[PDB]
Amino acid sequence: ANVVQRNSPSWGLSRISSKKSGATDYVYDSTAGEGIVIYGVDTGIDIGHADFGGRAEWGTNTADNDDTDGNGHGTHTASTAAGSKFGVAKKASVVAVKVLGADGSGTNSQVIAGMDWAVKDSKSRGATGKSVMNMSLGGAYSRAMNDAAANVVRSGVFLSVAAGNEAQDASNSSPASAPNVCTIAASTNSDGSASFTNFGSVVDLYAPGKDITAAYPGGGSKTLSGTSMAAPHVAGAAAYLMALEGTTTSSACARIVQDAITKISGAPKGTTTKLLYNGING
């Protein structure tokens, strides 16, 4: 049944349930992603934060010996994907995979080790075909990183990836350029293409990415910008559609692209103008 979150605290939530910009309420089916696991591959998650309501658990830490989010990005992106107040899929389960340190850096091998851990965990949980991974990090082109990302998807885990923030073609970035991932560019509240977003033919769609408010370690909230903020909207929408329509991980990017509306103004040439839409027809 339809649930309405009135005056939602981040414009990105109300945008994705509306065909037109300027909406204030977020409208979604009560299934709300329940029973879907989302792996947050990032700086860690403040799993005690009220916004997760006990649905966040600690998976692994390949970066250091401190099992907390000392940066903030990992909590913020998990919150956009699945937080009660700030999130898309408000009943999904969330698993922290900490692969970056408190300063937001980590080596490719630490990231890949976290991705590998998550694939194993999803098999052990029986979540193959109904699992989601969010990667709001990116770097220079790397065949090894692209192989690892492709393996995640081939193993039955949907993978949403930030396109990057260097205002360039995302084909020069990994894992944005990897086979079969869902690569997400950042939009603004006026439906423009954010000035920093990477673009090009590897981008599958846009999602809200500028001035996105979500949870921050220690119980408050923070407003941030980047394609890092855009990707978890799509991670949450995938979990939502899996629990609602039963779409599988291998088809979820294509289904999101099919539902998306051609709303972006002034998208760079050769770049889709499709914007995330949850299909609610409110």
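Residue numbers here begin at 1 and follow the sequence given.
Stretches 230-238 and 252-260 differ in mean C-alpha B factor, with the higher average recorded for 252-260.
Averaged over their C-alpha atoms, the temperature factors of 10-18 and 264-272 are higher for 264-272. For the set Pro175, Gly74, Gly200, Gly209, the PDB entry assigns the largest Cα B-factor to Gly200.
The top Cα temperature factor in the record, among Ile45, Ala214, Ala50, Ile36, falls on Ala50.
Sort the modelled residues of the chain by CA B factor and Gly138 lands in the highest third. For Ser84, the recorded CA B-factor ranks within the lowest third of the chain. Only modelled residues enter the ranking. The entry lists a Cα temperature factor for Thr183 that places it in the lowest third of the chain's modelled residues. In this PDB entry, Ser155 carries a Cα temperature factor that places it within the highest third of its chain's modelled residues.
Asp169: CA B factor lies in the highest third for its chain, per the PDB record.
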